[PDB]
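**Q** The data below comprise the sequence and an experimental structure of the protein.
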Amino acid sequence: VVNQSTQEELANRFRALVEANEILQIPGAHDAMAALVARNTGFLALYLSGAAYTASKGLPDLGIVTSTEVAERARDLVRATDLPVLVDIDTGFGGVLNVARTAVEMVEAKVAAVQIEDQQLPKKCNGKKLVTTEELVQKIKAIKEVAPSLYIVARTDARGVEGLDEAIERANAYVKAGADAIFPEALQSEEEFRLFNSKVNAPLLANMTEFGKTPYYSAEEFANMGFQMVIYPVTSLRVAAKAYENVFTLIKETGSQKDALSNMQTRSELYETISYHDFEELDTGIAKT
Amino acid sequence: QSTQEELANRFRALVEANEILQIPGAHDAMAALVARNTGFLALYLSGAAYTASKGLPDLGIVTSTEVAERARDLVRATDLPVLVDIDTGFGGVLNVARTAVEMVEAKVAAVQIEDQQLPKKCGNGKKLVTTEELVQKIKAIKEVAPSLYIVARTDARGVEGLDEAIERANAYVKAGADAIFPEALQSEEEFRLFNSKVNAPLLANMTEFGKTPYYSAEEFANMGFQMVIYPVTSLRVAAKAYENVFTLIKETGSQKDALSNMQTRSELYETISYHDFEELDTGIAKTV
């Protein structure tokens, strides 16, 4: 709260990063603290996956979270860093109208971009089912209608369930509806990357998630195969939960945490990252005047 | 699963027990889950850990509603007794009443109130309220939220001395505090002398990089402590973890060399109890 950019300013800052020559590395941050470390690391864009946010709250990725829920966490990310944030919003949390509200809720939270997919949920009473191309298109039309200032990324899981060629047709159809970029989940080879890149006239997103169906290509490698941005969605929570495990086990069976001191953020680093000095100069600046 | 009153009396029995109660700080539900899986029987919600997780400084700028919110998230995920740091009650005697009720509704086992005087004037710094002022706040909680275990934190040692700290602590117990928190006692003889003249279960602050050495849980127990907290420890290890894997990704272009520092999918799978939700789904679909 010590001295920024508006939603469209953050949105236009996000587009230029995608339009830029170099590939846009987008790390996911489940909380505002992690968002700060990403900013301090040098990253220019932010990401919020439902998978990490749910796990952060101890819930499974089953769509049992509300759209407002995500908008609040996305707000903590923007407030703390003033960086362009890409938000995973599943299927828009409902029908065309729920998507519209979802879209507006994101703009209010000064979110630069959102990510909607073509999966069919809620699934009937553990499988990947898709909606009709028209159904997601309608959702895309709704977003552009109620929130034109919002950058759009469209996720398609058609490669797995339908096929490589049906995924491209869906992609180009999502593009003509208003989607600025395409998230093609589960492309299986370098050749599939390049062919998808050439057949679709839109920047491609890379899901660099761990222990998944994607080889650990470098960001430079994704850039040469036809991708203009790359995400590391659940990485933040992944290293965090592993760290809790270490320090908790230590305290539990040794009786102290004196062995994990090397794996900790010191007082000064917390102070600095949290910008205590800027809160002090504010209050003191008002004080001496 | 468990009611508030069941969780509160569970916290009480854990204190009355001879073995010292280790209470780690869990800034979020994920950290709370791992703490229970580690075998811990109680959780601590630090105001310093919470704020810094929300990218905010610990300057009393958060609401009691957003604290009870995160507190409830901790309780729901673990069904464990939770000790919540409510600072000063977030206002006058009236605000402490609502805060107490808010914590009860969030199924919180115990709360922690301070000697600190808030807000601080426009001019770092340290000052306290009057003894009568906090006693009134403790009295308010006992009246409004009797089902709530009360821990009173005093910071008189650093500003007013051990003498006033003891006199305040006993007045807090008289007000209804079930246990007390004596911040920053200077030595081991101050530990014993305080334990001697104060008639209540004592709490120990085992935070890092401070003026307190790293005793084991047993070493505190020998010195008379029944409970010891690890406030912002979970937040500290999470941050450095962010720093390492991000610097890796930014400088290398991949997270490949940090795969050994990550919780696997299957470990995350079993952590958030995905198996039980799936059992519930088909447990409904197959009964009809």
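**A** Now that the structure is in, tell me what you want to look at. Residues are numbered from 1 along each chain as shown, chains lettered A, B, ... in the order given.
**Q** Report the backbone C-alpha coordinates of the host helix or strand of residue A:145 in CSV.
**A** Using DSSP states H and E, residue A:145 sits within helix A:133-146. C-alpha atoms of helix A:133-146 as CSV (Å, rounded to 0.1, in the frame of the first residue of the first chain):
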residue,chain,number,x,y,z
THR,A,133,-16.5,-26.1,-29.4
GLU,A,134,-19.5,-23.8,-29.5
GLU,A,135,-19.9,-24.0,-25.7
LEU,A,136,-16.5,-22.7,-24.9
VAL,A,137,-16.7,-20.2,-27.7
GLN,A,138,-19.9,-18.8,-26.1
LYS,A,139,-17.9,-18.4,-22.9
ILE,A,140,-15.1,-16.6,-24.8
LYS,A,141,-17.7,-14.3,-26.4
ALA,A,142,-19.0,-13.5,-22.9
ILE,A,143,-15.6,-12.6,-21.5
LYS,A,144,-14.8,-10.2,-24.4
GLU,A,145,-18.3,-8.8,-24.0
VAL,A,146,-18.2,-8.0,-20.3
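**Q** Who's the closest spatial neighbour of the residue most central in space within chain A, skipping the chain neighbours?
**A** With distances taken as Cα atoms, centre = their mean, residue A:47 lies nearest the centre of chain A, 2.7 Å away. Closest residue in space to residue A:47, ignoring its immediate chain neighbours: residue A:28 at 4.0 Å, by Cβ to Cβ, 6 or more residues apart in numbering or on different chains. C-beta here means a position set from N, CA and C on the backbone, and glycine is covered the same way.
**Q** quick one: contacts for that neighbour?
**A** Counting by Cβ atoms under 8 Å, 6 or more residues apart in numbering or on different chains, residue A:28 touches A:46-49, A:52, A:231-236.
**Q** for these, which one is nearest residue A:70?
**A** Within those, proximity to residue A:70 (Cβ to Cβ) peaks at residue A:48, which comes in at 6.9 Å.
**Q** on that earlier part again, against chain B, how distant is the residue nearest to residue A:47?
**A** From residue A:28 across to chain B, the span is 11 Å (Cβ to the nearest Cβ, to the nearest Å).
**Q** go on, residue A:287?
**A** 4 Å.
**Q** Pull the number of nearby residues for that residue.
**A** When neighbours are defined as other Cβ atoms under 10 Å in any protein chain shown, residue A:287 has 11 of them.
**Q** same check, this time on residue A:133
**A** Residue A:133: 19 neighbours (other Cβ under 10 Å).
**Q** which non-adjacent residue is nearest residue A:226?
**A** residue A:197 (2.7 Å).
**Q** re the thing from before, can you give me the distance of the residue nearest to residue A:47 to residue A:162?
**A** 27 Å (Cβ to Cβ, to the nearest Å).
**Q** Just the CA atoms of stretch A:282-289, as PDB, please.
**A** Extracted C-alpha coordinates of stretch A:282-289, given in PDB (Å, rounded to 0.1, in the frame of the first residue of the first chain):
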ATOM      1  CA  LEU A 282       5.400   6.400   5.200                       C
ATOM      2  CA  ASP A 283       4.400   6.700   8.900                       C
ATOM      3  CA  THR A 284       7.500   8.700   9.900                       C
ATOM      4  CA  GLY A 285       7.100  10.900   6.800                       C
ATOM      5  CA  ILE A 286       3.600  11.800   8.000                       C
ATOM      6  CA  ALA A 287       4.900  12.000  11.500                       C
ATOM      7  CA  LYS A 288       7.600  14.600  11.000                       C
ATOM      8  CA  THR A 289       5.200  16.800   8.900                       C
END
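**Q** Look up which helix or strand residue A:22 falls in, please.
**A** Applying DSSP H and E, one finds residue A:22 in no helix or strand.
**Q** Pretty sure residue A:153 sits against residue A:111.
**A** No: using Cβ atoms under 8 Å, residue A:153 makes no contact with residue A:111, being 11.8 Å away.
**Q** which of these two has more neighbours?
**A** Remark: of residue A:153 and residue A:111, residue A:111 carries more neighbours, 30 against 26, as counted by other Cβ under 10 Å.
**Q** centre of the chain versus stretch A:183-196, how much separation?
**A** How far stretch A:183-196 lies from its chain's middle: 20 Å, per Cα atoms, centre = their mean, to the nearest Å.
**Q** what do you get for stretch A:149-159?
**A** 12 Å.
**Q** Repeat that for stretch A:93-103.
**A** 18 Å.
**Q** picking up where we left off before, look up the residues forming beta bridges with the residue nearest to the centre of chain A.
**A** residue A:28, residue A:86 (DSSP bridges).
**Q** from what I can see it touches residue A:84, true?
**A** No: counting by Cβ under 8 Å, residue A:47 stays clear of residue A:84, with 9.8 Å between them.
**Q** Can you tell me which residues in the stretch 51-200 of chain A are near chain B?
**A** A:54-60, A:62, A:76, A:79-81, A:125-126 (Cβ under 8 Å from any Cβ of the partner chain).
**Q** re earlier: counting by contacts, list what the helix holding residue A:145 packs against.
**A** Secondary-structure packing of helix A:133-146 (3 or more Cβ pairs under 8 Å, 6 or more residues apart in numbering or on different chains; DSSP states H and E): helix A:96-108, strand A:113-117, strand A:151-156, helix A:164-175.
**Q** what about that helix, distance to the chain center?
**A** A distance of 20 Å separates the centroid of the chain from that of helix A:133-146, by Cα atoms, centre = their mean.
**Q** got the angle for it vs helix A:164-175?
**A** 20 degrees (axes from the mean of the first three to the mean of the last three Cα atoms, to 10 degrees).
**Q** Show residues contacting helix A:133-146.
**A** A:91-92, A:96-97, A:99-100, A:103-104, A:114, A:116-118, A:150, A:152, A:154, A:169-170, A:173-174, A:177-179.
**Q** Could you rerun that using 6 Å?
**A** A:92, A:96, A:99-100, A:103-104, A:118, A:170, A:173, A:177-179 (Cβ atoms under 6 Å, 6 or more residues apart in numbering or on different chains).
**Q** Export those as a markdown table, with columns for distance to residue A:283 and neighbour count.
**A** Below are the contacts of helix A:133-146 laid out as a markdown table (distance: Cβ to Cβ, whole Å; neighbours: other Cβ atoms under 10 Å in any protein chain shown):
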| residue | distance to residue A:283 | neighbour count |
| --- | --- | --- |
| A:92 | 42 | 23 |
| A:96 | 47 | 15 |
| A:99 | 43 | 26 |
| A:100 | 41 | 18 |
| A:103 | 38 | 27 |
| A:104 | 35 | 16 |
| A:118 | 50 | 26 |
| A:170 | 54 | 25 |
| A:173 | 54 | 17 |
| A:177 | 49 | 20 |
| A:178 | 45 | 18 |
| A:179 | 45 | 26 |
